[PDB]
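First, one chain by itself: the form deposited in one PDB entry, in structure tokens.
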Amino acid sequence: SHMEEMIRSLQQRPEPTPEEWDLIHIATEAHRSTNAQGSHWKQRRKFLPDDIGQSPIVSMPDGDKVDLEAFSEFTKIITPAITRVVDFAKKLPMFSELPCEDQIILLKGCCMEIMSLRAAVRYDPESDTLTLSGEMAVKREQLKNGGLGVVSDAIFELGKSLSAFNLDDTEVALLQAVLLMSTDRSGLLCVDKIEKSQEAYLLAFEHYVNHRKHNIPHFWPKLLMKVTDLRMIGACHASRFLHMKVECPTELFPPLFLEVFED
């Protein structure tokens, strides 16, 4: 119609449908309500003491040793972080309608990818830090030494690169939904349904990116490459986590940390 054309005049690319907007809204709010500190993180966060995370002392196969005190500081806050990822997922109808067993497999599969993304989007260029759970600002050396090794470097590089993308809450939430609804896991019951849901999220996300009209070119494929980086981060972490368990006693690992990162 005449009105439709007028308002779509500076549009070419497909916008989200009404159905996709509903999808977008629900996921955005699911993320906002489960993202620690929300909009206030920069003010409310405290730096991890400079004297912590400078003392790698426990051996690892790749030679990047672990600072036990720093590892402990990190693991002490990881349970509420994992919990919020579970909280986010439960708020998406296409996730909550899956069998309980599939939900668990999907959460285990994407948990590090999502937490890494949530750290990365809170990279602060001025202090050169990530913020963990909206409350703990950490330097590259600290996060490296406290257990992550080269995974820290990868997350910092992702965070630095994401600054220019200027992602909003919706884009972060849709990335999380896409990571969550991956069928690259063993033992799933409802593979076709999960794939259909990821396809629905991907198309809604592509259309939202169109709606946003970012100033950087090739935004959509660029964002997809970032998903691939997040996958590599998740994989490197899973491998390193196996080594952590070989080296250190169970008592240093919070129960949920152990459960979610099971091989």
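What we label the rigid core is the largest C-alpha set whose atoms superpose within 1.5 Å from one form to the other. For every residue, the number given is its place in the sequence shown, counted from 1.
For the cut-off of one third of the other compared entries, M60 qualifies: that many or more give it no coordinates while modelling its flanks. For the pair 40 to 48 and 202 to 210, the mean B factor over Cα atoms is greater in 40 to 48. Legend: mean Cα B-factor per stretch from the PDB entry, 9 to 17 versus 235 to 243; the higher mean is in 9 to 17. For the set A30, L230, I194, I216, the PDB entry assigns the largest Cα B-factor to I216. Set against one another, the Cα B-factors of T170, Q103, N166, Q176 in the record reach their highest point at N166. Ranked against the other modelled residues of its chain, the C-alpha B-factor of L223 as given in the entry falls in the highest third.
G134: CA B factor lies in the highest third for its chain, per the PDB record. Among all modelled residues in this chain, the alpha-carbon of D184 has a temperature factor (C-alpha) in the middle third. Among the modelled residues of the chain, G147 sits in the lowest third by CA temperature factor in this PDB entry. Annotation for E97: CA B-factor lies in the middle third of the chain's modelled residues.
Quick note: we don't show the form deposited in another entry, though the next part is all about it.
Only one of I52, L68, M60, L203 has its Cα shifted by 2 Å or more between the shown form and the other one after fitting on the core, and that residue is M60. Legend note: Cα of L162 to Cα of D62 is at least 3 Å farther in the other entry than in the depicted form.
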